[PDB]
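Below is input_9.cif, which holds mmCIF, C-alpha atoms.
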```cif
data_protein
#
loop_
_atom_site.group_PDB
_atom_site.id
_atom_site.type_symbol
_atom_site.label_atom_id
_atom_site.label_comp_id
_atom_site.auth_asym_id
_atom_site.auth_seq_id
_atom_site.Cartn_x
_atom_site.Cartn_y
_atom_site.Cartn_z
ATOM 1 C CA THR A 12 80.555 101.900 89.917
ATOM 2 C CA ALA A 13 83.432 99.875 88.448
ATOM 3 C CA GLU A 14 85.864 102.187 90.265
ATOM 4 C CA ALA A 15 84.281 101.264 93.613
ATOM 5 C CA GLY A 16 83.964 97.557 92.814
ATOM 6 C CA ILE A 17 87.519 97.022 91.557
ATOM 7 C CA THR A 18 89.415 99.005 94.217
ATOM 8 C CA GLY A 19 90.711 96.746 97.003
ATOM 9 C CA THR A 20 92.328 93.390 97.625
ATOM 10 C CA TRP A 21 91.877 90.336 95.440
ATOM 11 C CA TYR A 22 93.112 86.783 95.805
ATOM 12 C CA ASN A 23 93.825 84.246 93.112
ATOM 13 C CA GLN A 24 93.292 80.493 93.212
ATOM 14 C CA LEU A 25 96.907 79.885 94.325
ATOM 15 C CA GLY A 26 96.969 82.438 97.177
ATOM 16 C CA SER A 27 98.630 85.406 95.398
ATOM 17 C CA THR A 28 97.358 88.797 96.474
ATOM 18 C CA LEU A 29 96.405 91.711 94.232
ATOM 19 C CA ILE A 30 96.054 95.127 95.910
ATOM 20 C CA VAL A 31 94.714 97.655 93.433
ATOM 21 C CA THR A 32 93.269 101.169 93.200
ATOM 22 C CA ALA A 33 91.024 101.989 90.271
ATOM 23 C CA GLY A 34 91.194 105.696 89.463
ATOM 24 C CA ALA A 35 88.194 107.667 88.201
ATOM 25 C CA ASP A 36 90.160 108.192 84.953
ATOM 26 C CA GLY A 37 90.727 104.515 84.086
ATOM 27 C CA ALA A 38 94.052 103.961 85.863
ATOM 28 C CA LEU A 39 94.941 100.845 87.806
ATOM 29 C CA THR A 40 97.745 101.119 90.344
ATOM 30 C CA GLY A 41 98.908 98.924 93.205
ATOM 31 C CA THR A 42 100.918 95.826 94.046
ATOM 32 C CA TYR A 43 101.042 92.100 93.410
ATOM 33 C CA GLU A 44 102.170 89.796 96.230
ATOM 34 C CA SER A 45 103.313 86.145 96.397
ATOM 35 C CA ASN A 49 105.886 89.482 102.468
ATOM 36 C CA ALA A 50 107.967 92.449 101.238
ATOM 37 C CA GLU A 51 110.283 90.244 99.138
ATOM 38 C CA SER A 52 107.157 88.958 97.392
ATOM 39 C CA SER A 53 105.677 92.418 96.546
ATOM 40 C CA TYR A 54 105.862 93.932 92.996
ATOM 41 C CA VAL A 55 104.543 97.141 91.377
ATOM 42 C CA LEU A 56 101.366 96.769 89.296
ATOM 43 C CA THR A 57 100.019 99.221 86.722
ATOM 44 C CA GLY A 58 97.161 98.920 84.258
ATOM 45 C CA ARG A 59 93.940 100.316 82.819
ATOM 46 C CA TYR A 60 90.225 99.572 82.990
ATOM 47 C CA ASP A 61 87.044 100.681 81.247
ATOM 48 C CA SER A 62 85.836 103.481 83.554
ATOM 49 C CA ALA A 63 82.377 103.593 81.925
ATOM 50 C CA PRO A 64 81.380 99.931 81.312
ATOM 51 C CA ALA A 65 78.083 98.676 79.824
ATOM 52 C CA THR A 66 75.079 98.401 82.152
ATOM 53 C CA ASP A 67 73.552 95.307 80.522
ATOM 54 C CA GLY A 68 75.144 92.712 82.812
ATOM 55 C CA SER A 69 78.455 92.711 80.937
ATOM 56 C CA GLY A 70 81.719 92.610 82.833
ATOM 57 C CA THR A 71 84.196 95.487 82.947
ATOM 58 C CA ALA A 72 87.263 95.082 80.718
ATOM 59 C CA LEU A 73 90.661 95.639 82.296
ATOM 60 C CA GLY A 74 94.313 94.646 82.225
ATOM 61 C CA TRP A 75 97.551 95.189 84.121
ATOM 62 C CA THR A 76 101.268 94.392 84.036
ATOM 63 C CA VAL A 77 103.768 93.304 86.660
ATOM 64 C CA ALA A 78 107.491 93.281 85.839
ATOM 65 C CA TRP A 79 109.063 90.607 88.086
ATOM 66 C CA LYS A 80 111.703 92.913 89.511
ATOM 67 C CA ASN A 81 111.814 94.391 92.994
ATOM 68 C CA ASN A 82 114.498 94.999 95.644
ATOM 69 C CA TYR A 83 114.851 91.269 96.378
ATOM 70 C CA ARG A 84 114.546 89.561 93.000
ATOM 71 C CA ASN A 85 114.744 90.058 89.261
ATOM 72 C CA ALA A 86 113.335 87.222 87.145
ATOM 73 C CA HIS A 87 113.941 89.159 83.879
ATOM 74 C CA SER A 88 110.268 88.645 82.992
ATOM 75 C CA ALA A 89 106.927 90.455 82.984
ATOM 76 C CA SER A 90 103.339 89.223 83.145
ATOM 77 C CA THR A 91 100.212 90.861 81.724
ATOM 78 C CA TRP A 92 96.720 89.973 82.872
ATOM 79 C CA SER A 93 93.804 90.669 80.521
ATOM 80 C CA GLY A 94 90.249 90.107 81.665
ATOM 81 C CA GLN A 95 87.080 91.475 83.120
ATOM 82 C CA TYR A 96 85.623 92.404 86.479
ATOM 83 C CA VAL A 97 82.227 90.942 87.372
ATOM 84 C CA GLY A 98 80.563 92.645 90.348
ATOM 85 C CA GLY A 99 78.043 91.498 92.962
ATOM 86 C CA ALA A 100 77.965 89.161 95.968
ATOM 87 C CA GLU A 101 80.394 86.722 94.308
ATOM 88 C CA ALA A 102 82.534 89.351 92.584
ATOM 89 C CA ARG A 103 85.362 88.065 90.386
ATOM 90 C CA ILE A 104 88.155 89.248 88.152
ATOM 91 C CA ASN A 105 88.507 86.605 85.428
ATOM 92 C CA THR A 106 91.824 86.776 83.574
ATOM 93 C CA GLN A 107 94.153 85.214 81.075
ATOM 94 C CA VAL A 108 97.846 85.886 81.609
ATOM 95 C CA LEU A 109 100.907 86.123 79.381
ATOM 96 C CA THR A 110 104.340 85.859 80.974
ATOM 97 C CA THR A 111 107.296 86.848 78.778
ATOM 98 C CA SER A 112 110.893 86.246 79.825
ATOM 99 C CA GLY A 113 113.872 88.017 78.249
ATOM 100 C CA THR A 114 115.503 85.512 75.872
ATOM 101 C CA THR A 115 118.104 85.266 73.154
ATOM 102 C CA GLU A 116 116.792 85.333 69.571
ATOM 103 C CA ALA A 117 117.321 81.549 69.384
ATOM 104 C CA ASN A 118 115.110 80.946 72.437
ATOM 105 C CA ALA A 119 112.321 83.446 71.610
ATOM 106 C CA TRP A 120 110.006 80.545 70.669
ATOM 107 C CA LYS A 121 109.903 79.620 74.389
ATOM 108 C CA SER A 122 109.790 83.207 75.731
ATOM 109 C CA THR A 123 106.088 83.440 76.536
ATOM 110 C CA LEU A 124 103.858 81.415 78.851
ATOM 111 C CA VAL A 125 100.084 81.558 78.768
ATOM 112 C CA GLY A 126 97.796 80.837 81.721
ATOM 113 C CA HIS A 127 94.661 81.957 83.483
ATOM 114 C CA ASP A 128 93.951 83.453 86.922
ATOM 115 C CA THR A 129 90.626 83.898 88.699
ATOM 116 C CA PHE A 130 90.481 86.483 91.488
ATOM 117 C CA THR A 131 87.910 86.680 94.295
ATOM 118 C CA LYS A 132 87.405 89.017 97.268
ATOM 119 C CA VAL A 133 87.857 86.144 99.776
ATOM 120 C CA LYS A 134 90.964 83.975 100.330
ATOM 121 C CA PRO A 135 91.083 80.458 98.801
#
```

With the file now loaded, output its structure as structure tokens.
Amino acid sequence: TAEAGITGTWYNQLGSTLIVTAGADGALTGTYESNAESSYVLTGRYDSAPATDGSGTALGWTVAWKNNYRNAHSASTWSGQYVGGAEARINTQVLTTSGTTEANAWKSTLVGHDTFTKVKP
């Protein structure tokens, strides 16, 4: 199942660590790291009944960059899909919005991409 495949630890290309639980209901909950100072709350959603035709499983989550040690006045959202199997991946594109004045809103939002695997890079 997607629940079983998604739940656990994932690592991006840079070394950052995603620790997530996929609930039977469609909930994603966990933490995003990089180290306590580097750990942030994660919440999102996933398709809890995906297609069975070889398609990936749609999902997304948000991290607000505020914890007990830092506040960057910003939040990132990852949107992507889980692909199961021996080389399982979560393939994502990521928006990062910082709080700005009205005058600086044009430079409020970064776009990037993150690829997560079950094994460290």

> Expanded to explicit residues, what is the PyMOL selection byres ((chain A and resi 135) around 7) for this file, as JSON, numbers by chain?
Replying inline: {"A": [24, 26, 133, 134]}

Would you write out those residues with C-alpha atoms, as a PDB file, in the frame of the given file?
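After the write, part_3.pdb holds the following:
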```pdb
ATOM      1  CA  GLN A  24      93.292  80.493  93.212  1.00  0.00           C
ATOM      2  CA  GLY A  26      96.969  82.438  97.177  1.00  0.00           C
ATOM      3  CA  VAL A 133      87.857  86.144  99.776  1.00  0.00           C
ATOM      4  CA  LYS A 134      90.964  83.975 100.330  1.00  0.00           C
TER       5      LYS A 134
END
```

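Coordinates place atom CA of residue A:81 at a distance of 27.5 Å from atom CA of residue A:35.
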
>> For the provided coordinates, the residues matched by the PyMOL selection byres ((chain A and resi 114-125) around 10) should be stated as a ChimeraX atom specification.
In response: /A:87-92,107-113,126-127

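For the pair atom CA of residue A:83 and atom CA of residue A:42, the separation is 14.8 Å.
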
>> Using the chain letters and numbers from this file, what does the PyMOL selection byres ((chain A and resi 82) around 10) select? Give the answer as an MDAnalysis selection string.
In response: chainID A and resid 50:54 80:81 83:85

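Closest to residue A:15 among A:96, A:44, A:57, A:78 is A:96, based on only C-alpha atoms.
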
>> Just checking: using only C-alpha atoms, which residue out of A:14, A:56, A:22, A:93 ends up closest to residue A:36?
In response: A:14

> Restricting the calculation to only C-alpha atoms, which member of A:58, A:68, A:41, A:94 is positioned closest to residue A:20?
Replying inline: A:41

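Taking atom CA of residue A:62 as the reference point, atom CA of residue A:37 is found at 5.0 Å.
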
>> Give me, as number ranges by chain, all polymer residues having an atom no more than 7 Å from residue A:130, counting all atoms listed in the file and skipping those fewer than 4 positions away in the same chain.
In response: A: 21-24, 103-105

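The nearest approach to residue A:102 among the residues A:49, A:32, A:71, A:40, with all atoms listed in the file taken into account, belongs to A:71.
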